[PDB]
């Protein structure tokens, strides 16, 4: 019976600082796909909220002893009621927090330079001249680290051997792809956002897996199912479609 604490994280085009000449404060600072989603959900469910950025700026990963960080940890410690962000639904996280039904589907894939013979992840694993990596303590890093597939196990060996291969966030990864001979293992949504704005980059191959983003809540929260119902309502009303198209408009690359 009070406002909800919504934890999220700066990530284009999901959550961003609004551009304005006036000094903005509070929730009015933020814009993006997940901000629109949060507004729709708050309207359907009828609750007010306060948006807070994660301290460590990470999504969530487990260390050796099993301790979590990032938004996942924020939910575990009950520091936030909802995690409204591109939080990837993974079976590993499902045992620590609860996810709503997905509001967007995606998969792991490769971001790399255009015009290059490379066309798959195995091409990255079978050579060592072209460096590759992923975001630190993310769903992708956990995917390669806990993968039992031979190729992905070798790739995880390569990423883990180079401390510079794992980047802090998508930003550093994209810059690294632009400056060095480096391919970035990331999620297909971000790739789609980038390749429509940067015509020299492209996606290599298809989706290495298939999963979705969901709203995170502490385990056993009564708002998980309510948010699922709201997401289903928005899908029937076709609003997630027009939101996605709203924030994924591309300048266009010929």
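Rigid core (definition): largest C-alpha set, two forms, superposition within 1.5 Å. Positions refer to the first chain, counted from 1.
- Core-fitted comparison in 7 other deposited structures of this protein shows that, between 32-40 and 219-227, the CA atoms farther from the shown form belong to 219-227.
- Where the structures in 7 other deposited structures of this protein are fitted on the rigid core, 145-153 is the one of 145-153 and 83-91 whose C-alphas sit farther from the shown form on average.
- Legend: mean Cα B-factor per stretch from the PDB entry, 58-66 versus 191-199; the higher mean is in 58-66.
- Just going by the entry, 106-114 versus 128-136 on mean CA temperature factor gives the higher value to 128-136.
- Across the options 154, 101, 95, 73, the residue with the most elevated CA B-factor in the record is 154.
- Per the PDB record, 26 has a higher Cα B-factor than any other of 214, 222, 26, 32.
- Ranked against the other modelled residues of its chain, the C-alpha B-factor of residue 169 as given in the entry falls in the highest third.
- Compared with the other modelled residues of the chain, the Cα B-factor recorded for residue 149 ranks in the highest third.
- Among the modelled residues of the chain, residue 184 sits in the middle third by CA temperature factor in this PDB entry.
- Among the modelled residues of the chain, residue 253 sits in the highest third by CA temperature factor in this PDB entry.
- The PDB entry assigns residue 90 a C-alpha temperature factor belonging to the lowest third of its chain's modelled residues.
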